[PDB]
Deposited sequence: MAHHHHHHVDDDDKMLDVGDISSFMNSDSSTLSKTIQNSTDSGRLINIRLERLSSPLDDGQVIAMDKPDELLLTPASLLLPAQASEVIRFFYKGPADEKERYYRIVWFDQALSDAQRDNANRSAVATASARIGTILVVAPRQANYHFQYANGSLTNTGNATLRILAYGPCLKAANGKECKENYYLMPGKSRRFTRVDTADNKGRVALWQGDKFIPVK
């Protein structure tokens, strides 16, 4: 396949622009087209919805010839409202030596980051998605000597960790509020 970088990218509230590097690691050059769709949500039961205006989210370049064993920067620009709402977009990449879909999250310009860790459950009690993670011993020793989990936690949703043993005092929880890393436990 083609290397697009992160499968979900985050434009945090102090930022309206973002770059992704794409690498073509094969002998062939490639004809890439790139397209954007807003989404009701980033989840599987989400659906494409309309941008309020066609300059809400723009990228360059939308077409390029990427030669063999070479990389290029694609830039993304947000010009929609600066409000308390988080927005979700799909980046659709067409590849010719494959149609791959990745996620862009525009965190609310008016961010209110909050969370609760109670009874082993993380709950997002703010208005912007959190990137949550645990690391430490495994719950089922069938899974091995070290365990980690990584998830996106949308506003209002909860998550228990199911691989890492967070009840053991060597099990750790932390999360990202935009660009700030917060040691939860």
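- Residues of the deposited sequence lacking C-alpha coordinates, numbered from 1, fall in the stretches 1-14, 112-129.
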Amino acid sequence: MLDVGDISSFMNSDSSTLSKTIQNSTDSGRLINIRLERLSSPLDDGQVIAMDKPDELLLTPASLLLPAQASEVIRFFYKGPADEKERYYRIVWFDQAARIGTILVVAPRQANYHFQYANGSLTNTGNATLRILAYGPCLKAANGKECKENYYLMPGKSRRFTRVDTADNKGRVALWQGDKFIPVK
From here on, numbers count along this sequence of modelled residues.
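- Taking the PDB entry as given, 27-35 carries the higher mean Cα B factor of the two stretches 27-35 and 57-65.
- Averaged over Cα atoms, the B-factor as recorded in the entry is higher for 68-76 than for the other of 68-76 and 106-114.
- For the set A134, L153, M51, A142, the maximum C-alpha B-factor listed in the entry falls on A142.
- Per the PDB record, residue ranking by Cα B-factor puts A167 in the middle third of the chain.
- The deposited CA B-factor of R87 belongs to the lowest third of values across its chain.
- Annotation for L43: CA B-factor lies in the highest third of the chain's modelled residues.
- Ranked against the other modelled residues of its chain, the C-alpha B-factor of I22 as given in the entry falls in the highest third.
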